[PDB]
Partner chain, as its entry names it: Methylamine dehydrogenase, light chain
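As a starting point, one isolated chain is supplied in structure tokens, in the form solved without the partner chain.
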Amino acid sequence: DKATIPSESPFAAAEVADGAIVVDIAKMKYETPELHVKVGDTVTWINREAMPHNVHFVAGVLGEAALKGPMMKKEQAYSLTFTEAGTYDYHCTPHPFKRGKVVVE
């Protein structure tokens, strides 16, 4: 598997480290729809809207099974640590037309 999960459930945005790699979730888009990180980096998504959103990697992308992230409320965060190089597309489960990617290099 190509990513590990530091926290199975969403956590408070106030707990995200200074300097962290962050993708804000907005209504109309993940604010960084194509993010490049280094192998071993942790990416943190933070929901900035009241509408719940998540991140969802379909089966085959981070491994054999899908990785459907938990639904995040406003000012909640969720992190993934990417352990192999590759390009990993994801989307928001309830709003599947909103999509992003992480390029790990």
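Positions refer to the first chain, counted from 1.
Look at the mean CA B-factor for 77 to 85 and for 5 to 13 in the entry; the higher one is 5 to 13.
The stretch 55 to 63 shows the higher mean C-alpha B-factor when 55 to 63 is compared against 40 to 48 in the entry. When the CA B factors of the chain's modelled residues are split into thirds, the value for residue 35 lands in the lowest one.
The discussion below concerns the form solved in complex with the partner chain, not included here.
Using a 4.5 Å cutoff between non-hydrogen atoms, residue 86 does not count as a contact of the partner chain in the entry with it bound.
Within 4.5 Å of any heavy atom of the partner chain in the entry with it bound lies no heavy atom of residue 81. With a 4.5 Å cutoff on heavy atoms, residue 71 counts as touching the partner chain in the entry with it bound. In the entry with it bound, no heavy atom of residue 39 sits within 4.5 Å of the partner chain.
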